[PDB]
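One file, coords-v1.tsv, is given below (TSV, C-alpha atoms).
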chain	number	residue	atom	x	y	z
A	146	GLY	CA	-14.37	-42.12	43.90
A	147	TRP	CA	-11.22	-44.00	42.83
A	148	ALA	CA	-12.54	-46.64	40.37
A	149	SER	CA	-10.00	-49.41	41.28
A	150	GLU	CA	-8.43	-51.83	38.74
A	151	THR	CA	-11.58	-54.03	38.50
A	152	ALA	CA	-15.21	-52.95	39.15
A	153	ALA	CA	-18.56	-52.45	37.40
A	154	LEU	CA	-18.21	-48.65	37.65
A	155	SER	CA	-21.86	-47.75	38.06
A	156	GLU	CA	-23.32	-44.26	37.86
A	157	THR	CA	-22.13	-42.22	40.82
A	158	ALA	CA	-24.16	-39.07	41.50
A	159	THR	CA	-25.13	-35.69	40.08
A	160	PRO	CA	-25.69	-32.36	41.86
A	161	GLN	CA	-29.35	-31.94	42.72
A	162	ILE	CA	-30.38	-28.50	41.48
A	163	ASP	CA	-32.41	-26.41	43.90
A	164	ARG	CA	-34.15	-23.16	43.03
A	165	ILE	CA	-34.38	-20.19	45.38
A	166	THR	CA	-37.12	-17.65	44.66
A	167	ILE	CA	-36.84	-13.92	45.35
A	168	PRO	CA	-40.54	-12.98	45.37
A	169	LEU	CA	-39.85	-9.23	44.92
A	170	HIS	CA	-42.47	-7.75	47.23
A	171	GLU	CA	-43.23	-4.03	47.40
A	172	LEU	CA	-42.60	-1.44	50.10
A	173	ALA	CA	-45.40	1.07	50.54
A	174	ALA	CA	-46.30	4.12	52.60
A	175	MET	CA	-49.38	6.36	52.64
A	176	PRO	CA	-48.94	9.48	54.78
A	177	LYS	CA	-52.42	10.96	55.06
A	178	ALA	CA	-51.90	14.72	55.06
A	179	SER	CA	-54.87	17.02	55.50
A	180	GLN	CA	-55.64	19.56	52.80
A	181	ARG	CA	-55.81	22.50	55.19
A	182	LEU	CA	-52.36	21.85	56.62
A	183	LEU	CA	-50.99	21.74	53.10
A	184	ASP	CA	-51.75	25.17	51.59
A	185	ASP	CA	-51.89	27.31	54.74
A	186	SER	CA	-48.51	26.01	55.94
A	187	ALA	CA	-45.35	27.98	55.26
A	188	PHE	CA	-43.30	24.78	54.99
A	189	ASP	CA	-43.42	22.76	51.80
A	190	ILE	CA	-44.97	19.60	53.23
A	191	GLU	CA	-45.53	17.95	49.85
A	192	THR	CA	-41.76	17.86	49.31
A	193	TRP	CA	-40.96	17.23	52.97
B	89	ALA	CA	26.56	-49.15	45.79
B	90	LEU	CA	27.65	-52.61	46.85
B	91	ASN	CA	26.62	-56.04	45.51
B	92	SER	CA	23.55	-56.16	43.29
B	93	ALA	CA	22.27	-59.18	45.21
B	94	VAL	CA	20.94	-57.81	48.49
B	95	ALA	CA	18.27	-55.19	47.92
B	96	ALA	CA	19.09	-52.41	50.38
B	97	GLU	CA	22.81	-52.48	49.55
B	98	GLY	CA	22.27	-51.51	45.94
B	99	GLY	CA	19.88	-54.21	44.76
B	100	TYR	CA	17.21	-51.72	43.72
B	101	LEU	CA	19.29	-50.42	40.81
B	102	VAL	CA	18.81	-53.39	38.48
B	103	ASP	CA	15.52	-53.16	36.54
B	104	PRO	CA	15.16	-56.58	34.84
B	105	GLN	CA	14.99	-55.97	31.09
B	106	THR	CA	11.80	-57.51	29.74
B	107	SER	CA	11.22	-59.14	26.37
B	108	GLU	CA	11.02	-57.14	23.17
B	109	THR	CA	7.84	-58.79	21.89
B	110	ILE	CA	5.42	-60.72	24.08
B	111	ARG	CA	5.99	-64.31	23.00
B	112	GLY	CA	3.44	-67.10	22.96
B	113	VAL	CA	2.94	-70.81	22.59
B	114	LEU	CA	3.44	-71.53	18.89
B	115	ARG	CA	0.33	-73.56	18.11
B	116	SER	CA	-0.53	-75.55	15.00
B	117	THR	CA	-0.91	-73.56	11.79
B	118	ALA	CA	-1.29	-76.36	9.21
B	119	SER	CA	-4.77	-75.24	8.27
B	120	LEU	CA	-5.54	-76.65	4.78
B	121	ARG	CA	-6.01	-73.03	3.73
B	122	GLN	CA	-2.61	-73.02	2.04
B	123	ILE	CA	-3.50	-75.98	-0.18
B	124	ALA	CA	-7.18	-75.35	-0.89
B	125	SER	CA	-8.71	-72.82	-3.31
B	126	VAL	CA	-8.93	-69.51	-1.40
B	127	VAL	CA	-10.90	-66.84	-3.25
B	128	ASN	CA	-11.61	-63.31	-2.02
B	129	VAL	CA	-15.35	-62.69	-2.27
B	130	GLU	CA	-17.15	-59.62	-0.91
B	131	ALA	CA	-20.64	-61.07	-0.96
B	132	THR	CA	-22.98	-63.26	1.07
B	133	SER	CA	-21.94	-66.46	-0.69
B	134	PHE	CA	-19.74	-67.97	-3.37
B	135	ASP	CA	-21.38	-70.07	-6.08
B	136	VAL	CA	-18.91	-72.25	-7.97
B	137	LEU	CA	-19.84	-73.85	-11.29
B	138	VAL	CA	-18.48	-77.28	-12.17
B	139	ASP	CA	-18.89	-79.71	-15.07
B	140	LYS	CA	-19.84	-83.02	-13.50
B	141	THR	CA	-19.78	-84.71	-16.93
B	142	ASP	CA	-18.03	-84.35	-20.30
B	143	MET	CA	-18.77	-84.19	-24.00
B	144	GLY	CA	-18.77	-86.90	-26.65
B	145	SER	CA	-16.33	-87.30	-29.50
B	146	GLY	CA	-17.25	-88.69	-32.87
B	147	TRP	CA	-14.44	-90.17	-34.93
B	148	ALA	CA	-16.46	-89.02	-37.90
B	149	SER	CA	-16.60	-91.08	-41.06
B	150	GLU	CA	-16.24	-89.62	-44.52
B	151	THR	CA	-20.03	-89.87	-45.01
B	152	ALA	CA	-21.77	-90.16	-41.65
B	153	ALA	CA	-24.29	-87.30	-41.19
B	154	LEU	CA	-22.87	-86.19	-37.85
B	155	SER	CA	-25.45	-86.34	-35.08
B	156	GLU	CA	-25.59	-84.14	-32.01
B	157	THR	CA	-23.18	-85.20	-29.29
B	158	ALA	CA	-23.38	-85.02	-25.51
B	159	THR	CA	-22.91	-81.76	-23.66
B	160	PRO	CA	-21.56	-81.47	-20.11
B	161	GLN	CA	-24.21	-81.01	-17.48
B	162	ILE	CA	-23.45	-78.33	-14.93
B	163	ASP	CA	-23.54	-78.29	-11.14
B	164	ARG	CA	-23.62	-75.18	-8.94
B	165	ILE	CA	-22.34	-75.23	-5.36
B	166	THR	CA	-23.07	-72.36	-2.97
B	167	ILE	CA	-20.38	-71.54	-0.40
B	168	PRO	CA	-22.42	-69.81	2.33
B	169	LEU	CA	-19.52	-67.64	3.68
B	170	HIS	CA	-20.26	-67.66	7.40
B	171	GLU	CA	-18.50	-65.45	9.94
B	172	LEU	CA	-16.17	-66.12	12.86
B	173	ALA	CA	-16.20	-63.69	15.77
B	174	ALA	CA	-14.25	-63.40	19.01
B	175	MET	CA	-14.53	-60.60	21.56
B	176	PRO	CA	-11.69	-60.28	24.09
B	177	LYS	CA	-11.97	-57.78	26.94
B	178	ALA	CA	-8.87	-55.79	27.85
B	179	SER	CA	-8.87	-53.24	30.64
B	180	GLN	CA	-8.35	-49.60	29.76
B	181	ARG	CA	-6.05	-49.10	32.73
B	182	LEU	CA	-3.99	-51.93	31.26
B	183	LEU	CA	-3.79	-50.58	27.71
B	184	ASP	CA	-2.45	-47.29	29.07
B	185	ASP	CA	0.20	-48.70	31.41
B	186	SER	CA	1.42	-51.64	29.34
B	187	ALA	CA	4.58	-50.63	27.42
B	188	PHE	CA	3.89	-53.39	24.89
B	189	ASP	CA	1.27	-52.94	22.18
B	190	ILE	CA	-1.73	-54.77	23.61
B	191	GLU	CA	-4.02	-53.82	20.73
B	192	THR	CA	-1.58	-55.10	18.11
B	193	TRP	CA	-0.96	-58.23	20.18
B	194	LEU	CA	-4.69	-58.83	20.56
B	195	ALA	CA	-5.29	-58.54	16.83
B	196	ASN	CA	-2.27	-60.73	16.13
B	197	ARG	CA	-3.35	-63.32	18.69
B	198	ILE	CA	-6.94	-63.33	17.41
B	199	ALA	CA	-5.84	-63.68	13.79
B	200	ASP	CA	-3.92	-66.71	15.04
B	201	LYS	CA	-7.02	-68.17	16.69
B	202	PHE	CA	-9.15	-67.52	13.62
B	203	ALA	CA	-6.62	-69.15	11.31
B	204	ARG	CA	-6.78	-72.11	13.71
B	205	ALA	CA	-10.51	-72.31	14.42
B	206	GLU	CA	-11.35	-72.28	10.72
B	207	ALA	CA	-8.90	-75.14	10.17
B	208	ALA	CA	-11.31	-77.37	12.09
B	209	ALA	CA	-14.30	-76.19	10.10
B	210	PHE	CA	-12.52	-76.85	6.81
B	211	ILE	CA	-12.01	-80.48	7.88
B	212	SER	CA	-14.65	-81.64	10.34
B	213	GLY	CA	-16.95	-78.64	10.62
B	214	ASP	CA	-20.62	-79.17	9.92
B	215	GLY	CA	-22.88	-76.76	8.07
B	216	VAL	CA	-24.49	-74.64	10.78
B	217	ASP	CA	-22.92	-71.15	10.83
B	218	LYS	CA	-19.52	-72.60	9.86
B	219	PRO	CA	-17.93	-74.09	6.74
B	220	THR	CA	-18.56	-77.76	6.08
B	221	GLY	CA	-15.44	-79.87	6.27
B	222	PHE	CA	-14.84	-82.46	3.61
B	223	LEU	CA	-15.58	-85.18	6.17
B	224	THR	CA	-19.29	-84.34	6.42
B	225	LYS	CA	-19.94	-85.03	2.72
B	226	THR	CA	-21.88	-88.34	2.55
B	227	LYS	CA	-18.91	-90.61	1.98
B	228	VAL	CA	-19.82	-93.45	-0.38
B	229	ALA	CA	-17.81	-96.55	-1.19
B	230	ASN	CA	-15.43	-96.04	-4.08
B	231	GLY	CA	-16.32	-97.70	-7.36
B	232	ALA	CA	-19.93	-96.93	-6.52
B	233	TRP	CA	-18.95	-93.28	-6.71
B	234	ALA	CA	-21.53	-90.64	-7.60
B	235	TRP	CA	-20.97	-86.92	-8.04
B	236	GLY	CA	-22.64	-85.72	-4.86
B	237	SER	CA	-20.39	-87.70	-2.56
B	238	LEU	CA	-16.80	-88.42	-1.60
B	239	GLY	CA	-15.33	-91.81	-2.37
B	240	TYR	CA	-13.43	-93.95	0.08
B	241	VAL	CA	-11.44	-97.18	0.15
B	242	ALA	CA	-11.66	-99.63	3.02
B	243	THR	CA	-8.72	-101.10	4.89
B	244	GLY	CA	-9.92	-104.44	6.18
B	245	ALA	CA	-9.84	-104.82	9.95
B	246	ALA	CA	-12.15	-102.49	11.84
B	247	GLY	CA	-9.89	-100.96	14.47
B	248	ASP	CA	-6.78	-100.41	12.36
B	249	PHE	CA	-5.17	-101.20	9.01
B	250	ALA	CA	-5.43	-104.56	7.26
B	251	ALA	CA	-4.52	-107.65	9.26
B	252	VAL	CA	-2.33	-109.32	6.60
B	253	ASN	CA	-1.66	-107.09	3.58
B	254	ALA	CA	-1.32	-103.79	5.37
B	255	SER	CA	-0.10	-100.76	3.42
B	256	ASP	CA	-2.16	-101.83	0.42
B	257	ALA	CA	-5.09	-99.73	1.58
B	258	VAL	CA	-2.71	-96.78	1.44
B	259	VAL	CA	-1.36	-97.45	-2.05
B	260	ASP	CA	-4.70	-98.29	-3.63
B	261	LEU	CA	-6.10	-95.14	-2.03
B	262	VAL	CA	-3.38	-93.31	-3.95
B	263	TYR	CA	-4.24	-95.00	-7.26
B	264	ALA	CA	-8.00	-94.63	-6.75
B	265	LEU	CA	-7.93	-90.88	-7.28
B	266	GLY	CA	-7.26	-90.12	-10.94
B	267	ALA	CA	-3.94	-89.52	-12.64
B	268	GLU	CA	-4.62	-85.80	-13.03
B	269	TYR	CA	-5.52	-85.14	-9.41
B	270	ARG	CA	-2.50	-87.10	-8.16
B	271	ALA	CA	-0.29	-84.57	-9.93
B	272	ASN	CA	-0.65	-82.16	-7.01
B	273	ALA	CA	-2.32	-84.03	-4.15
B	274	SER	CA	-1.45	-84.69	-0.54
B	275	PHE	CA	-2.54	-86.78	2.41
B	276	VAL	CA	-4.22	-85.20	5.42
B	277	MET	CA	-3.77	-86.84	8.82
B	278	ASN	CA	-3.43	-85.97	12.47
B	279	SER	CA	-0.30	-86.24	14.55
B	280	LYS	CA	-1.19	-89.59	16.11
B	281	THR	CA	-2.24	-91.10	12.79
B	282	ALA	CA	0.94	-90.17	10.93
B	283	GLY	CA	2.73	-91.71	13.89
B	284	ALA	CA	0.79	-94.96	13.64
B	285	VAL	CA	1.70	-94.95	9.95
B	286	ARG	CA	5.43	-94.57	10.53
B	287	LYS	CA	5.30	-97.30	13.19
B	288	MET	CA	4.07	-99.65	10.47
B	289	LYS	CA	7.02	-101.92	9.83
B	290	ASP	CA	7.70	-104.93	7.64
B	291	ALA	CA	8.12	-108.54	8.76
B	292	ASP	CA	11.64	-107.80	10.05
B	293	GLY	CA	10.99	-104.76	12.24
B	294	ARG	CA	12.26	-102.25	9.68
B	295	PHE	CA	9.97	-99.38	8.71
B	296	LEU	CA	8.36	-100.09	5.37
B	297	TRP	CA	7.71	-96.45	4.49
B	298	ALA	CA	10.91	-94.86	3.22
B	305	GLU	CA	10.80	-81.87	7.72
B	306	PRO	CA	7.88	-81.72	5.23
B	307	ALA	CA	7.19	-85.38	6.13
B	308	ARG	CA	5.96	-86.68	2.80
B	309	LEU	CA	4.46	-90.14	2.30
B	310	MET	CA	4.99	-92.28	-0.80
B	311	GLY	CA	6.40	-89.14	-2.37
B	312	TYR	CA	3.22	-87.13	-1.86
B	313	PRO	CA	3.09	-84.33	0.72
B	314	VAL	CA	1.32	-84.85	4.03
B	315	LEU	CA	-0.59	-82.05	5.73
B	316	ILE	CA	-0.63	-82.88	9.42
B	317	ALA	CA	-3.99	-81.58	10.50
B	318	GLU	CA	-5.08	-81.75	14.12
B	319	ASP	CA	-8.81	-82.04	13.50
B	320	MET	CA	-9.21	-85.21	11.53
B	321	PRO	CA	-10.43	-88.24	13.47
B	322	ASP	CA	-7.86	-90.73	14.66
B	323	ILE	CA	-7.97	-94.43	13.83
B	324	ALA	CA	-11.22	-95.52	15.49
B	325	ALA	CA	-13.59	-98.40	14.74
B	326	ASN	CA	-15.23	-96.81	11.68
B	327	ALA	CA	-13.34	-93.54	11.31
B	328	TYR	CA	-11.94	-91.77	8.25
B	329	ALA	CA	-8.48	-91.13	9.61
B	330	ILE	CA	-6.57	-90.57	6.35
B	331	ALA	CA	-7.80	-88.41	3.49
B	332	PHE	CA	-5.99	-87.87	0.21
B	333	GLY	CA	-6.85	-85.67	-2.71
B	334	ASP	CA	-6.20	-82.56	-4.75
B	335	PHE	CA	-7.54	-79.95	-2.38
B	336	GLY	CA	-6.35	-77.33	-4.84
B	337	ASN	CA	-9.46	-78.27	-6.83
B	338	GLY	CA	-11.41	-80.45	-4.43
B	339	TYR	CA	-11.92	-77.85	-1.71
B	340	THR	CA	-12.74	-74.16	-2.13
B	341	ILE	CA	-12.44	-71.48	0.54
B	342	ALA	CA	-14.28	-68.17	0.29
B	343	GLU	CA	-13.24	-65.37	2.60
B	344	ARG	CA	-12.70	-61.66	3.06
B	345	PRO	CA	-8.94	-61.13	3.46
B	346	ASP	CA	-9.15	-58.92	6.52
B	347	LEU	CA	-10.01	-58.83	10.22
B	348	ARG	CA	-12.59	-56.26	11.29
B	349	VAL	CA	-11.86	-55.19	14.87
B	350	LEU	CA	-14.36	-52.85	16.54
B	351	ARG	CA	-13.20	-51.70	19.95
B	352	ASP	CA	-16.16	-50.84	22.19
B	353	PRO	CA	-15.29	-48.65	25.19
B	354	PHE	CA	-19.00	-48.39	26.07
B	355	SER	CA	-20.36	-51.81	27.08
B	356	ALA	CA	-17.81	-52.60	29.78
B	357	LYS	CA	-16.97	-49.08	30.86
B	358	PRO	CA	-13.46	-49.40	32.41
B	359	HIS	CA	-12.50	-51.90	29.65
B	360	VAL	CA	-12.36	-51.75	25.86
B	361	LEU	CA	-13.91	-55.02	24.68
B	362	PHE	CA	-12.37	-55.58	21.25
B	363	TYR	CA	-14.91	-57.20	18.92
B	364	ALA	CA	-13.13	-58.79	15.95
B	365	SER	CA	-14.78	-60.95	13.30
B	366	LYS	CA	-13.59	-62.20	9.93
B	367	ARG	CA	-16.02	-64.14	7.79
B	368	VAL	CA	-14.95	-67.25	5.90
B	369	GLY	CA	-16.68	-70.22	4.32
B	370	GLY	CA	-15.97	-73.20	2.14
B	371	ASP	CA	-16.91	-76.75	1.21
B	372	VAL	CA	-15.85	-79.26	-1.42
B	373	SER	CA	-16.40	-78.03	-4.95
B	374	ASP	CA	-14.96	-80.95	-6.97
B	375	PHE	CA	-16.10	-84.18	-5.31
B	376	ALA	CA	-13.87	-86.33	-7.51
B	377	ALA	CA	-10.68	-84.77	-6.12
B	378	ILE	CA	-10.81	-86.06	-2.52
B	379	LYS	CA	-10.64	-89.73	-1.54
B	380	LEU	CA	-10.74	-91.16	1.96
B	381	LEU	CA	-9.54	-94.18	3.95
B	382	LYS	CA	-12.32	-95.69	6.04
B	383	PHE	CA	-11.19	-98.31	8.54
B	384	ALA	CA	-14.35	-100.41	8.67
B	385	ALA	CA	-14.02	-103.38	6.30
C	98	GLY	CA	-2.23	-58.23	32.04
C	99	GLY	CA	-0.68	-57.67	35.45
C	100	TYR	CA	2.69	-59.03	34.31
C	101	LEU	CA	3.44	-56.49	31.59
C	102	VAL	CA	3.25	-53.10	33.33
C	103	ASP	CA	6.86	-52.20	34.29
C	104	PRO	CA	6.85	-49.03	36.45
C	105	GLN	CA	8.94	-45.98	35.62
C	106	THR	CA	12.10	-45.48	37.64
C	107	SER	CA	12.90	-41.85	38.50
C	108	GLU	CA	15.57	-41.04	35.92
C	109	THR	CA	18.12	-39.90	38.52
C	110	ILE	CA	18.77	-41.41	41.93
C	111	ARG	CA	18.24	-38.74	44.56
C	112	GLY	CA	19.26	-38.59	48.20
C	113	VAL	CA	18.69	-36.83	51.48
C	114	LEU	CA	19.93	-33.24	51.32
C	115	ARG	CA	22.69	-32.11	53.69
C	116	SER	CA	23.93	-28.67	54.65
C	117	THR	CA	26.68	-27.12	52.53
C	118	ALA	CA	27.93	-24.44	54.95
C	119	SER	CA	31.53	-25.49	55.52
C	120	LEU	CA	33.30	-22.46	57.06
C	121	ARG	CA	35.21	-22.21	53.80
C	122	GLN	CA	33.27	-19.13	52.75
C	123	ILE	CA	34.59	-17.27	55.78
C	124	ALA	CA	38.00	-18.85	56.30
C	125	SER	CA	41.16	-18.28	54.26
C	126	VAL	CA	41.71	-20.90	51.56
C	127	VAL	CA	45.33	-21.19	50.43
C	128	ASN	CA	46.36	-23.41	47.51
C	129	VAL	CA	49.44	-25.20	48.89
C	130	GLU	CA	51.40	-27.71	46.81
C	131	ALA	CA	53.71	-28.97	49.55
C	132	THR	CA	53.89	-31.12	52.66
C	133	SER	CA	52.69	-28.32	54.92
C	134	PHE	CA	51.97	-24.61	55.09
C	135	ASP	CA	53.61	-22.12	57.42
C	136	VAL	CA	52.45	-18.71	58.55
C	137	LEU	CA	54.63	-15.97	60.00
C	138	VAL	CA	52.95	-13.75	62.58
C	139	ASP	CA	54.02	-10.94	64.92
C	140	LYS	CA	53.11	-12.06	68.41
C	141	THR	CA	54.35	-8.68	69.71
C	142	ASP	CA	54.95	-5.18	68.32
C	143	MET	CA	57.74	-2.61	68.17
C	144	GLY	CA	58.72	0.09	70.64
C	145	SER	CA	58.80	3.86	70.65

Can you turn what I pasted into structure tokens?
Amino acid sequence: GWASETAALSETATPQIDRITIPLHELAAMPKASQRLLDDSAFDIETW
Amino acid sequence: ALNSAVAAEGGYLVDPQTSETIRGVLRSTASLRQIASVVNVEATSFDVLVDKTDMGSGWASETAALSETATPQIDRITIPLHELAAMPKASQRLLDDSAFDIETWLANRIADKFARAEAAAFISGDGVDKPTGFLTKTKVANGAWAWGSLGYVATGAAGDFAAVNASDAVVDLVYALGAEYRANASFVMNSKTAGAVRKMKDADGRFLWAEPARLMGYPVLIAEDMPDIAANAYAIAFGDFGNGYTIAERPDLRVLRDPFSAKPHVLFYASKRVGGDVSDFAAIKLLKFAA
Amino acid sequence: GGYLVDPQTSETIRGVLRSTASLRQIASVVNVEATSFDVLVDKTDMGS
């Protein structure tokens, strides 16, 4: 603030630091493919 | 564009020209420093060494077996060299926007106050944290004069000078001082004592005493810190302060500006340190008004 | 200290700005060192 010609000029204020956390979770998927329908199938399911 | 008197019709184009230097009341400077013994000393104290006595001469015979003669005993006097400090507070917004030189004026106005505050200590100051003036030196009647004391001559009447033979207490004070100290000696009075001296007039109304304002031919230092003519006061002193009084000082003024204590101000802290008391007690006589 | 401040004073005295368009930059300006100027025109034309 404007100090003015005469004043004590006390301590004003300081930005209060706040911390935001990005917990970094994981994204998972487990397609359960049978073994039969994996080698007797003409389509490559393991790459599909 | 018209007359410079009325404001709107061209009166705003004037700008009063201010002073060159910021003047001030010209206060007393007769400080006894210019007549006493000022010695630069960068220490905690000054220790003078005097010879309170003298030797003995023989006038030896042709066959006399010369004996040992006297030898002057020696006195040491310690000038404590106290300090004098003043701390004026000037705003920082002022110092910036103040076309004069406020710092140089503050140091020049302080050095005027110090040269004036130490003039009181050299005359009537006591011993605590300040030089002892020659008035606090156990004044003893003259004739019964010892070394550790200042002599004085009495006037007669208590309130003022003698009732009948006035102006004899002044002349015998002169000739009670020693022909070698009177060579360069001077009275010390205040403004209202030197006035009461000039008002002294003979039996016909004419002044009996005939810019430096000397008295009986000897100079007069018009102090402002000696006592005036009271019931039992020492209003007039006279002596060779060139040898009687010694001043010890550091010939500078240490100013420490402090922008930190008072934050929007600067708070100049200046302090020179000076001390001094009488070193030759035989060289200062006094005029007590008691009896 | 409030007596010895002496504000600055805007080295040149300014004024409100007025328009400079004066019809001189479209009209005909004739330097005439006389009591008056004449012009000679042809209010009509010839015949054929």

_My list of candidates is B:292, B:139, B:130, B:185. Which is closest to chain C when distances are computed with all atoms listed in the file?_
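Ranked by minimum distance to chain C, first place goes to B:185.
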
*How many Å separate atom CA of residue 253 of chain B from atom CA of residue 233 of chain B?*
24.4 Å

Which residues of chain B have any atom within 12 Å of an atom in chain C when counting all atoms listed in the file, and what is the closest pair of atoms for each, with the distance in Å to one decimal? Order the rows by chain and rising number and write it as JSON lines.
{"residue": "B:89", "atom": "CA", "partner": "C:110", "partner_atom": "CA", "distance": 11.6}
{"residue": "B:98", "atom": "CA", "partner": "C:110", "partner_atom": "CA", "distance": 11.4}
{"residue": "B:100", "atom": "CA", "partner": "C:106", "partner_atom": "CA", "distance": 10.1}
{"residue": "B:101", "atom": "CA", "partner": "C:110", "partner_atom": "CA", "distance": 9.1}
{"residue": "B:102", "atom": "CA", "partner": "C:106", "partner_atom": "CA", "distance": 10.4}
{"residue": "B:103", "atom": "CA", "partner": "C:106", "partner_atom": "CA", "distance": 8.5}
{"residue": "B:104", "atom": "CA", "partner": "C:103", "partner_atom": "CA", "distance": 9.4}
{"residue": "B:105", "atom": "CA", "partner": "C:103", "partner_atom": "CA", "distance": 9.5}
{"residue": "B:106", "atom": "CA", "partner": "C:103", "partner_atom": "CA", "distance": 8.6}
{"residue": "B:107", "atom": "CA", "partner": "C:101", "partner_atom": "CA", "distance": 9.7}
{"residue": "B:108", "atom": "CA", "partner": "C:101", "partner_atom": "CA", "distance": 11.3}
{"residue": "B:109", "atom": "CA", "partner": "C:101", "partner_atom": "CA", "distance": 10.9}
{"residue": "B:110", "atom": "CA", "partner": "C:101", "partner_atom": "CA", "distance": 8.8}
{"residue": "B:111", "atom": "CA", "partner": "C:101", "partner_atom": "CA", "distance": 11.9}
{"residue": "B:177", "atom": "CA", "partner": "C:98", "partner_atom": "CA", "distance": 11.0}
{"residue": "B:178", "atom": "CA", "partner": "C:98", "partner_atom": "CA", "distance": 8.2}
{"residue": "B:179", "atom": "CA", "partner": "C:98", "partner_atom": "CA", "distance": 8.4}
{"residue": "B:180", "atom": "CA", "partner": "C:98", "partner_atom": "CA", "distance": 10.8}
{"residue": "B:181", "atom": "CA", "partner": "C:98", "partner_atom": "CA", "distance": 9.9}
{"residue": "B:182", "atom": "CA", "partner": "C:98", "partner_atom": "CA", "distance": 6.6}
{"residue": "B:183", "atom": "CA", "partner": "C:98", "partner_atom": "CA", "distance": 8.9}
{"residue": "B:184", "atom": "CA", "partner": "C:102", "partner_atom": "CA", "distance": 9.2}
{"residue": "B:185", "atom": "CA", "partner": "C:102", "partner_atom": "CA", "distance": 5.7}
{"residue": "B:186", "atom": "CA", "partner": "C:102", "partner_atom": "CA", "distance": 4.6}
{"residue": "B:187", "atom": "CA", "partner": "C:102", "partner_atom": "CA", "distance": 6.5}
{"residue": "B:188", "atom": "CA", "partner": "C:101", "partner_atom": "CA", "distance": 7.4}
{"residue": "B:189", "atom": "CA", "partner": "C:101", "partner_atom": "CA", "distance": 10.3}
{"residue": "B:190", "atom": "CA", "partner": "C:98", "partner_atom": "CA", "distance": 9.1}
{"residue": "B:193", "atom": "CA", "partner": "C:98", "partner_atom": "CA", "distance": 11.9}
{"residue": "B:194", "atom": "CA", "partner": "C:98", "partner_atom": "CA", "distance": 11.8}

Okay, now the selection with C-alpha atoms, as a PDB file, keeping the file's coordinate frame?
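Contents of result23.pdb, as written:
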ATOM      1  CA  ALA B  89      26.560 -49.150  45.790  1.00  0.00           C
ATOM      2  CA  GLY B  98      22.270 -51.510  45.940  1.00  0.00           C
ATOM      3  CA  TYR B 100      17.210 -51.720  43.720  1.00  0.00           C
ATOM      4  CA  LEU B 101      19.290 -50.420  40.810  1.00  0.00           C
ATOM      5  CA  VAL B 102      18.810 -53.390  38.480  1.00  0.00           C
ATOM      6  CA  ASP B 103      15.520 -53.160  36.540  1.00  0.00           C
ATOM      7  CA  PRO B 104      15.160 -56.580  34.840  1.00  0.00           C
ATOM      8  CA  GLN B 105      14.990 -55.970  31.090  1.00  0.00           C
ATOM      9  CA  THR B 106      11.800 -57.510  29.740  1.00  0.00           C
ATOM     10  CA  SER B 107      11.220 -59.140  26.370  1.00  0.00           C
ATOM     11  CA  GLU B 108      11.020 -57.140  23.170  1.00  0.00           C
ATOM     12  CA  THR B 109       7.840 -58.790  21.890  1.00  0.00           C
ATOM     13  CA  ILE B 110       5.420 -60.720  24.080  1.00  0.00           C
ATOM     14  CA  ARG B 111       5.990 -64.310  23.000  1.00  0.00           C
ATOM     15  CA  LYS B 177     -11.970 -57.780  26.940  1.00  0.00           C
ATOM     16  CA  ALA B 178      -8.870 -55.790  27.850  1.00  0.00           C
ATOM     17  CA  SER B 179      -8.870 -53.240  30.640  1.00  0.00           C
ATOM     18  CA  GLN B 180      -8.350 -49.600  29.760  1.00  0.00           C
ATOM     19  CA  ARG B 181      -6.050 -49.100  32.730  1.00  0.00           C
ATOM     20  CA  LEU B 182      -3.990 -51.930  31.260  1.00  0.00           C
ATOM     21  CA  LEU B 183      -3.790 -50.580  27.710  1.00  0.00           C
ATOM     22  CA  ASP B 184      -2.450 -47.290  29.070  1.00  0.00           C
ATOM     23  CA  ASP B 185       0.200 -48.700  31.410  1.00  0.00           C
ATOM     24  CA  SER B 186       1.420 -51.640  29.340  1.00  0.00           C
ATOM     25  CA  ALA B 187       4.580 -50.630  27.420  1.00  0.00           C
ATOM     26  CA  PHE B 188       3.890 -53.390  24.890  1.00  0.00           C
ATOM     27  CA  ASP B 189       1.270 -52.940  22.180  1.00  0.00           C
ATOM     28  CA  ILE B 190      -1.730 -54.770  23.610  1.00  0.00           C
ATOM     29  CA  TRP B 193      -0.960 -58.230  20.180  1.00  0.00           C
ATOM     30  CA  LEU B 194      -4.690 -58.830  20.560  1.00  0.00           C
TER      31      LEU B 194
END

*Check: which chain B residues lie within 8 Å of chain A using only C-alpha atoms, as a ChimeraX atom specification*: /B:181,356-358

Would you mind exporting C-alpha atoms of the selected residues as a CSV table (one decimal), in the coordinates of the input?
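Full text of part-v1.csv as output:
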chain,number,residue,atom,x,y,z
B,181,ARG,CA,-6.0,-49.1,32.7
B,356,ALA,CA,-17.8,-52.6,29.8
B,357,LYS,CA,-17.0,-49.1,30.9
B,358,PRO,CA,-13.5,-49.4,32.4

*So how many Å separate atom CA of residue 260 of chain B and atom CA of residue 241 of chain B, to one decimal?*
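These two atoms are separated by 7.8 Å.
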